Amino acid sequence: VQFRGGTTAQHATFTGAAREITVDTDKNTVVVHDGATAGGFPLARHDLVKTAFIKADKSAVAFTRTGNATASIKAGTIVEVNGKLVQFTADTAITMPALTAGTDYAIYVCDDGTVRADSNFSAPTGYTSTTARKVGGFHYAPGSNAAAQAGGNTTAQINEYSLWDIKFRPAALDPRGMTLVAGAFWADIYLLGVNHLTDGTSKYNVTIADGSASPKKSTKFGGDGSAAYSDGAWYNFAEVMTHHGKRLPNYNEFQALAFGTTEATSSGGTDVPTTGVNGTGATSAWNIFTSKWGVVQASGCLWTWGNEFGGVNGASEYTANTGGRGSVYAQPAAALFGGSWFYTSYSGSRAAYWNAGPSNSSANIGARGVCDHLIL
C-alpha cells in the first residue's frame, strides 16, 4: 500500500478526506486529515524527540535511594533511547554492580527496558553508548551522612543527596563527586586534590592540595598538566575552581554545606594529607566531620578559601604580590572557612578567619568547590 503523497507546497492547499493519511514527500512524514484543515496535521518524526527525558516530578531527582546499596528510578519516567521509548510506570529497581567505597556511578536506561548503574561513564558492562543512555548517577560514599550534628559513620553507602539526573544536576562542567545541599546548591564531597585535572576536584582517597602540596596548574590557564602552582594562594585555588566551572564557597554556602559536622571539634594530630581518610595522628576519625549532606571533612580538617573578601587589610600601597599579575592596594583578606586540625574548639560549620590576604599560603589551607543547582 502506497499512500497519496506530495510536497509541502502541494499539501498547503490540499484538504484530505476525514481520517485520510497522506505522505509529505519533502518531510518524509505522515499527514493526518480531518476533511476541513488545509495542509492537514503532519506528524513528528522520531529523530526530533531524540534524547527526550520526561519525569513526573521535575522539581526532584529521577531516583530514590531505597537502601545503603540499592536505588530505584521513579514512576512516570519516560526516556528516549536508541530510537525506542522506554518508560517506568512504577518505581523500578536499578540493577547494581559491585559497589566500592568512595566511587561515583553512572545510571543508564537501556533499550531493553532495564535501568542499571556502572562505574564506567561511557557505557555500562555489556552495553554500548548506543544501547545504553546515561541519565544520571550518584556517589557511593565511604560513610553515612550525618543524622544530627555529630558527623556520620563508616558504613559505605549511597549518598542520597549525590543523586543527579540530566535535568537535576550541578551546573559544574562535570557532575561527579558532588552533593545537593538543602536542595539549593551543589558542594564537592571532598576537598580539592592535587590531581584535580585527571580526578576532578572531588575525589576519595587522594592527596589534598594545600600550601605545601599545591594543586596542578590549570591547563586552561597556561598549565601543562605536570607543573603545580608554586604556592597555595587564594588566587591559585580560585583559578582551579574556575577551570572546573565551580566556585569557592560563600559564607552562606559554607554554613549550609557543613551543617551536620561535629561542631567545635578538630581533627587533632599534625596533618590531614588525604581525602576521606583519617588525619596524621588524628584524635578524631574522618567521619566525625561528615555533614548532613555527605560533605566529607566538612570542618576541622583543612580551612577552605572562601569567595568572600573583608576583615583586616594589606597596606594602602601598590603591592605586587599576585604572582606577577599586577598590584593590589589596600587588599582585604579572603575568607577562610571550617577551621583545621590544629584549631580545637574554634572549628565548625561557621568557623571563619578574615586575617589572611589572598596571597597567603600554608599547609593547612586548601579548598572546596561549590556550584549552582540546575533544574531543567
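Residue numbers run from 1 along the displayed sequence.
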Averaged over C-alpha atoms, is the B-factor higher for 91-99 or for 255-263 in this PDB entry? 91-99
Could you check the entry and say whether 290-298 or 222-230 has the higher mean CA B-factor? 222-230
Among the chain's modelled residues, which third holds the C-alpha B-factor of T322? middle
Lowest, middle or highest third: where is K27 by Cα B-factor in its chain? middle
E80, C-alpha B-factor rank within chain (lowest, middle or highest third): lowest
Comparing against every modelled residue in the chain, figure out the third that the C-alpha B-factor of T128 lands in (lowest, middle or highest). highest
State the tercile, meaning the lowest, middle or highest third, of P358 with respect to the CA B-factors recorded for its chain. middle
